[PDB]
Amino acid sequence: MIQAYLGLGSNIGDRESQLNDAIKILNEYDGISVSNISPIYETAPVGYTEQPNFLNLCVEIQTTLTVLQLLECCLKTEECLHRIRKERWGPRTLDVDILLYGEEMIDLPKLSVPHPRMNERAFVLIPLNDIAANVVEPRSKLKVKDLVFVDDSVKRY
C-alpha cells in the first residue's frame, strides 16, 4: 500500500460538482482508496493567458496500483468528465495530476513524479499542506510545510 497525493483542477462547467464527481470515481477504482481531501480553493490561472479561475484541491489516496496503473485511472477519470483536448490549451472540466507517489521519483516519457511544477505552485502547495504538511517531497527533501508559501491568488472557496 502506497500513500499518494493527487492534484485536481476544474475551470469550466460546474467546477465543484465535477471535482466531487471526480473524487467519487477515483475512490471507486479497485486499488485506490481516497483517505483525505483538502479544502477547495479558487485559484488564479498560471502559466498561460487570462483564463477562467480554477477550483483546485488535493486528495490523499492509499493505493496498491503501480504509478502507471494510477496514471491510467487518473486519465480515465478525466475522460469520464468529458475533458476536451484541442490543438491549444484551454479551460478543462477536470485535470487529475499525480503529485507524489510515496517517496518515489519517476521520470518516464509519459509520467514525471513528483510533478515537475508542484514546488512552485501555490494552487498545489496550499491545499497539499492541508493534508500532507509532514510528507517529504523527495527531490527537494523538504516537507510540504517547508515548501508552502503565502499567495493571495489562492483563496478558500
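Residue numbers here begin at 1 and follow the sequence given. Between two forms, the rigid core is the largest collection of C-alphas that superpose within 1.5 Å.
- In terms of root mean square C-alpha deviation after superposing on the rigid core in 8 other deposited structures of this protein, the stretch standing farther out between 102 to 110 and 122 to 130 is 102 to 110.
- Relative to the shown model and aligned on the rigid core, the C-alphas in 8 other deposited structures of this protein deviate most, among 89 to 97 and 39 to 47, for 89 to 97.
- Mean CA B-factor, 55 to 63 versus 102 to 110: the higher value falls on 102 to 110.
- Comparing the deposited coordinates for 147 to 155 and 3 to 11, the stretch with the larger average C-alpha B-factor is 147 to 155.
- For residue 71, the recorded CA B-factor ranks within the lowest third of the chain. Only modelled residues enter the ranking.
- Residue-level temperature factors show residue 127 in the lowest third of its chain, judged at the C-alpha atom.
- Among the modelled residues of its chain, residue 116 has a C-alpha B-factor that falls in the lowest third, as given in the PDB entry.
- In this PDB entry, the Cα temperature factor of residue 135 sits in the bottom third of its chain's modelled residues, the lowest group.
- Annotation for residue 49: CA B-factor lies in the highest third of the chain's modelled residues.
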